[PDB]
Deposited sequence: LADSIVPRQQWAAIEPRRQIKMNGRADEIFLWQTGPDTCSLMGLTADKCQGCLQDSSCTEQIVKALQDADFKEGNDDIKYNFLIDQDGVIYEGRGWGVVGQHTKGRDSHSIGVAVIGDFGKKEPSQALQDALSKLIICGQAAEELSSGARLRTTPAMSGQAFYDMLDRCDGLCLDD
């Protein structure tokens, strides 16, 4: 908490091969998980989650995407990573990328719920985005078990949103 969002240059990101500007404020936030297999310890590691971001971008390329598919990413220790950033249409939620923000939580949460550190980072990213008119003040957080993992989904269901 209290740090800055890690910019594209910190994790040595490649310029995108195409960047489509978003038509004003996003009013939705789609939460996805990178997967229990992301590894291809380093759940926090010593700045290991930073090369994972770099890698995810590389993966997203071979897949035909214009750049890493998410607008932001968050690791289990609470550090936020700038993906496509604010104002750019991502390629994360088929057919719904145009007016939403796509966030990816690094790791799998099909069995274990997210750390309070990760949850806090997410709440922060939302509050700050809204403060700066990047996100609509009513933006709903959307996800499903298939998207962010049963453990993550179950948690939002219990705390009617992020816990505490």
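Participant: Numbering from 1, run down the deposited sequence and write out every stretch that has no C-alpha in the structure.
Facilitator: Missing CA coords at 41-50, 175-176.
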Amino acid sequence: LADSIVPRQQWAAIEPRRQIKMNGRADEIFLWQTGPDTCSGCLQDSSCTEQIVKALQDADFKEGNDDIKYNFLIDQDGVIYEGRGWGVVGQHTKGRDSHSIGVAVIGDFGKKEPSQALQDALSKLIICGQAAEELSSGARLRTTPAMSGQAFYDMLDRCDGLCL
From here on, numbers count along this sequence of modelled residues.
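Participant: Comparing 16-24 with 145-153, where is the mean C-alpha B-factor higher?
Facilitator: The recorded data point to 16-24.
Participant: Would 50-58 or 126-134 have the larger average of its C-alpha temperature factors, as given in the entry?
Facilitator: So the stretch with the higher mean C-alpha B-factor is 50-58.
Participant: For the C-alpha B-factor as written in the entry, point me to the maximum among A139, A104, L43, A117.
Facilitator: Among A139, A104, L43, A117, the PDB entry lists the largest C-alpha B-factor for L43.
Participant: Is the Cα B-factor recorded for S100 in the lowest, middle or highest third of its chain?
Facilitator: CA B-factor rank for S100: lowest third.
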